[PDB]
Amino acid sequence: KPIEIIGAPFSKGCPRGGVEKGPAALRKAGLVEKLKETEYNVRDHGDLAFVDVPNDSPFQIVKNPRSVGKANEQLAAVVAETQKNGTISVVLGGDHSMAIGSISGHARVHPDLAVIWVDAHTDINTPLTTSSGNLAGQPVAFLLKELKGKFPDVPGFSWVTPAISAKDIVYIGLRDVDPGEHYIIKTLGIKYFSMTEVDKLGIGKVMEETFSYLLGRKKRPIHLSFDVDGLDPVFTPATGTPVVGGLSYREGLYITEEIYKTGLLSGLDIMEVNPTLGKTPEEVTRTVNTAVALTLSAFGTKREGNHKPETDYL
């Protein structure tokens, strides 16, 4: 199978500059080379150049609407393109608002896809419920069919078409949900495993249930959108919104290993790695290294080890 890396060095979805450096840090750490050592064919599409929209006045509270909307329209085109040729898209993030274009483009080719969202946050604030106008905390609002027309149209997002329904998404790692977002997920009946369900069930049973929930009836392509703050700050400190009590390095790897095993991974996002937020170089190294490890895991690297087929090592 073929893999195509797409860098999305974008940061206007939130106030902290730095996430745009995310793709560079991950490549610097050898992500592309290490992926070529796996059984997959890898092609690096490079980083997308995003045109800045001058005079991007805020829409009510929403900041940089046009710049975010345009960068995402462009990313959706690119992803739809690689998906069309039958390759697996891997988006290297800047902030999580880029999931709008990544999932939109992916859905144009695979309308029946399901989403596994690993994050400490639901990122489902609508333009009306946000306390901040930050779009990195609103991606899912723009993608849900059930949320269509529940918020005013935003400048730069008219090209977006709600592609997935509440039944096609599963959250894992939740521990920082605003009152409004909580209201939304409860009202829409969205399946989720907050840190309390992970604690109660154990990550092994959590994965069992998300698969029987999303793939029980029909086997369909999987889009894994992975926000690095889903893991505890001890493992991924270099992020914009760290929340204590998260997933461990082990649980994160367990999630990716199980997803690899389904044979259905179709799209992947590695978001919110911000190199400038590390208090010490080691903190940045720690964050980048685990992001790389999670990516390699999604493509076959197992902790029990790997050996090339047909090679008699004796």
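Just count from 1 along the sequence shown to find any residue number.
- Comparing 89-97 with 138-146, the stretch with the higher mean C-alpha B-factor in the PDB entry is 138-146.
- A summary of the deposited B-factors shows that, of 294-302 and 8-16, the stretch with the larger mean C-alpha value is 8-16.
- Comparing the C-alpha B-factors of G202, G173, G180, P162 in the entry, the top value falls on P162.
- Take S104, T241, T236, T129 and read off each C-alpha B-factor from the entry; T129 has the highest.
- Sorting the modelled residues of the chain by their CA temperature factor places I61 in the highest third.
- Per the deposited record, the Cα B-factor of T256 falls in the lowest third when ranked against the other modelled residues of its chain.
- For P275, the recorded CA B-factor ranks within the middle third of the chain. Only modelled residues enter the ranking.
- Sorting the modelled residues of the chain by their CA temperature factor places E73 in the middle third.
- The deposited CA B-factor of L188 belongs to the highest third of values across its chain.
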